[PDB]
Amino acid sequence: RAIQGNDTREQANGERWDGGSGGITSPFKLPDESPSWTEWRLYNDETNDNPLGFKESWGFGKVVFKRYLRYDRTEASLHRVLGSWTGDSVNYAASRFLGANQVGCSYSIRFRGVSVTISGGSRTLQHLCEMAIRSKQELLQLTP
Amino acid sequence: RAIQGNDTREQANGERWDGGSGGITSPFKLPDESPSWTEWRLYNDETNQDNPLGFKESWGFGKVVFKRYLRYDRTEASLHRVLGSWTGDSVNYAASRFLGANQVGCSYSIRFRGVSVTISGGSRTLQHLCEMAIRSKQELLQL
RNA sequence: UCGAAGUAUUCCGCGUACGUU
RNA sequence: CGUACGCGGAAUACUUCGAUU
């Protein structure tokens with residue numbers, strides 16, 4: 001399109017708050033689970049090992065998709081949140097925002113105050129996923 | 001008056017080339033192996049499917065950043081030589097030389113085959129950044 | 001947790017300039 | 001690859017404010 005970046009970036013932002021059945025083609029499979037200001041507050045009577053969950057995001061150039069998924073330190077909750085994005089969902093989702101000119105891609109995830117970013121060129125997105133599902137894996141299993 | 005580093009950042013910068021000096025405590029345990037501009041087009045005849053000279057990694061403790069480029073030819077004897085570039089105690093020993101009455105944001109980065117892996121986080125979790133950085137380094141260098 | 005601002009950094013993508021030519 | 005900046009991003013650390021009452 002003409003501008004081609006400003007409007008698509010706003011829809012990617014809004015995609016987070018439009019549940020799993022609203023917005024544009026998203027790289028994530030599961031909907032957002034951000035905690036309200038009140039359920040994140042009363043949860044911090046402990047307080048801020050051992051959060052409600054983690055915050056992850058997928059960025060294809062200027063088109064960034066963000067998520068928050070409540071992740072308890074359990075085997076089942078790990079298999080659940082790991083199904084929030086796969087290689088296919090990213091590739092298919094990136095296909096609608098990449099072109100001939102290589103843009104920057106980045107997957108970032110924060111948990112326990114530790115952030116991991118897997119960034120690279122559009123032509124390296126294939127490795128960014130393998131490295132992101134491997135990095136995401138350990139960060140969530142990072143033995144205290 | 002809480003300004004400790006005017007300027008230690010540039011000292012950690014030059015530590016890569018002519019150093020470590022004078023006295024800067026570096027996190028890395030190996031000298032820098034950055035190739036020349038020519039050698040950057042000699043080994044690299046023209047990148048064929050890729051195989052680089054090695055990788056570039058950096059260590060940051062606030063605004064004090066250290067950087068190292070190393071050779072890595074995909075051999076196990078080379079993986080082991082580059083994992084000794086920095087360890088847990090080394091960087092921890094290096095981070096304790098740059099702190100303050102405040103939480104500072106540390107950062108490890110490594111680039112290999114057009115893929116970068118940064119592990120950022122407050123100095124309160126540096127112990128985690130290392131444990132996570134050694135796995136990321138090993139994993140990235142094993143694709 | 002959401003949104004915004006400043007400060008101090010890092011990293012990616014792209015591009016300019018230079019580098020015993 | 002080295003240096004320096006330019007654009008657009010993402011991430012971090014400190015700080016400030018707003019978030020049906």
Side-chain angles (χ1 to χ4, degrees), chain A residues 4-6 9 12-13 16-17 32-44 48 51-70 98-110 113-125 128, chain B residues 2-5 9 12-14 16-17 32-44 47 52-67 69-71 98-111 114-126 129:
Chain A
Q4 199 170 27
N6 291 340
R9 174 176 165 84
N13 183 317
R16 183 184 176 190
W17 314 113
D32 186 270
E33 295 166 345
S34 293
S36 173
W37 185 24
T38 181
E39 58 192 313
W40 173 92
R41 191 181 64 196
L42 311 194
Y43 190 89
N44 283 325
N48 188 97
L52 268 161
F54 60 88
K55 185 183 174 187
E56 61 180 349
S57 62
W58 265 108
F60 313 101
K62 299 175 68 176
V63 189
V64 183
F65 298 88
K66 292 187 169 66
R67 281 291 192 275
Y68 189 98
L69 300 175
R70 299 159 186 173
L98 302 174
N101 300 321
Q102 182 179 227
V103 297
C105 292
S106 303
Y107 170 86
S108 181
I109 177 170
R110 183 163 177 271
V114 180
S115 181
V116 186
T117 304
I118 302 91
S119 64
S122 309
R123 297 169 186 268
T124 56
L125 178 55
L128 305 182
Chain B
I3 313 175
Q4 46 278 357
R9 169 176 186 270
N13 176 283
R16 184 185 182 189
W17 309 118
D32 180 85
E33 304 169 3
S34 295
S36 304
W37 185 25
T38 315
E39 182 170 342
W40 180 69
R41 56 180 63 168
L42 300 178
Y43 175 101
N44 186 38
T47 176
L53 304 100
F55 67 101
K56 178 175 177 169
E57 56 181 7
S58 67
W59 258 116
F61 319 93
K63 60 185 294 180
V64 187
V65 187
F66 298 83
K67 275 152 187 164
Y69 188 109
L70 299 174
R71 313 286 166 82
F98 319 98
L99 294 172
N102 61 337
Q103 186 62 194
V104 64
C106 298
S107 58
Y108 177 78
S109 178
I110 176 172
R111 188 187 188 276
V115 175
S116 180
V117 183
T118 68
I119 289 166
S120 58
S123 43
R124 266 151 196 158
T125 61
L126 182 55
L129 310 186

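Throughout, protein chains are lettered first and strands after them, A, B, ... in sequence-line order, and every chain is numbered starting at 1.
- Residue-nucleotide stacking is not present for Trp37(B) and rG2(D), judged by a side-chain ring centre under 5.5 Å from the six-membered base ring centre and planes under 30° apart.
- Contact between the side-chain N/O atoms of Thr118(B) and the OP1/OP2 oxygens of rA10(D) is not found at any separation under 4.0 Å.
- Residue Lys62(A) has no polar side-chain atom (N or O) positioned under 4.0 Å from OP1 or OP2 of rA10(D).
- Atom P of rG3(C) sits at a distance of 16 Å from the matching atom of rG9(D), rounded to the whole Å.
- Distance check on atom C1': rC7(D) versus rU16(C) gives 11 Å, rounded to whole Å.
- Here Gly60(B) lies out of heavy-atom contact (under 4.0 Å) with every strand.
- The residues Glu33(B) and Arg16(B) are annotated as not salt-bridged, no charged nitrogen and carboxylate oxygen being separated by less than 4.0 angstrom.
- For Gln103(B), whose side chain is taken as the heavy atoms from C-beta onward, the closest listed nucleotide among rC1(D), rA13(D), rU12(D) is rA13(D).
- Counting non-hydrogen atoms under 4.0 angstrom, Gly61(A) reaches the backbone sugars and phosphates but no base.
- Within 4.0 Å of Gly121(A), counting heavy atoms only, lie sugar-phosphate atoms of the nucleic acid but no base atom.
- Distance, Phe55(B) CZ to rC12(C) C1': 19 Å, rounded to whole Å.
- Between the CG atom of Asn13(A) and the P atom of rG9(D) there is a distance of 13 Å, given to the nearest Å.
- The partner of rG13(C) is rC7(D), by the rule that a Watson-Crick or G-U pair needs both atom distances under 3.5 Å.
- No side-chain donor-acceptor contact under 3.5 Å links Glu56(A) to the backbone of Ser108(A).
- The shortest distance between the side-chain N/O atoms of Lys55(A) and the OP1/OP2 oxygens of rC2(C) is below 4.0 Å.
- Between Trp17(B) and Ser34(B) there is a side-chain heavy-atom pair separated by less than 4.5 Å.
- At whole-Å resolution of the value, CG in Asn102(B) and P in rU15(D) are 8 Å apart.
- Taking atom CZ of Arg67(A) as the reference point, atom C1' of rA11(D) lies 19 Å away to the nearest angstrom.
- Phosphate proximity of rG2(D) to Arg16(B): present, with a side-chain N or O under 4.0 Å from OP1 or OP2.
- At the heavy-atom level, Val64(A) lies under 4.0 Å from the strands shown only through sugar-phosphate atoms.
- Regarding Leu125(A), its CG atom lies at a distance of 20 Å from the P atom of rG9(D), rounded to whole Å.
- At the phosphate of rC11(C), OP1 or OP2 sits under 4.0 Å from a side-chain N or O atom of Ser58(B).
- Rounded to a whole Å, the CG atom of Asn6(A) is 8 Å from the P atom of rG9(D).
- In terms of position on RNA chain C, the residue among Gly104(A) and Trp40(B) whose nearest nucleotide sits closer to the 5' end is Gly104(A).
- For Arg111(B) and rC12(C), the shortest distance from a side-chain N or O to OP1 or OP2 is below 4.0 Å.
- Per the geometry, CZ belonging to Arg71(B) stands 13 Å off P belonging to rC1(D), to the nearest Å.
- In this structure the side chain of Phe61(B) never reaches within 4.5 angstrom of the side chain of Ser123(B), judged on heavy atoms.
- One can place CG of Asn48(A) at 11 Å from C1' of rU1(C), the figure rounded to the nearest angstrom.
- The main-chain N or O of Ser120(B) is never found under 3.5 Å from a side-chain atom of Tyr108(B) such that the two would form a donor-acceptor pair.
- OP1 or OP2 of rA10(D) sits under 4.0 Å from a side-chain N or O of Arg9(A).
- Both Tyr69(B) and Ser119(A) lie near RNA chain D, and the one whose nearest nucleotide falls closer to the 5' end is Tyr69(B).
- When the shell of 6.0 Å around CG of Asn48(A) is examined, it contains 12 or fewer heavy atoms from other residues, nucleotides or ligands.
- Residue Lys67(B) is the one, among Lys67(B) and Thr38(B), whose nearest nucleotide of RNA chain C lies closer to the 5' end (criterion: closest heavy atom).
- You'll find that the side chain of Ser108(A) is closest to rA10(D), out of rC11(C), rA10(D), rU1(C).
- More than 12 heavy atoms of other residues, nucleotides or ligands lie within 6.0 Å of CZ in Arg70(A), so this atom counts as buried by the packing criterion.
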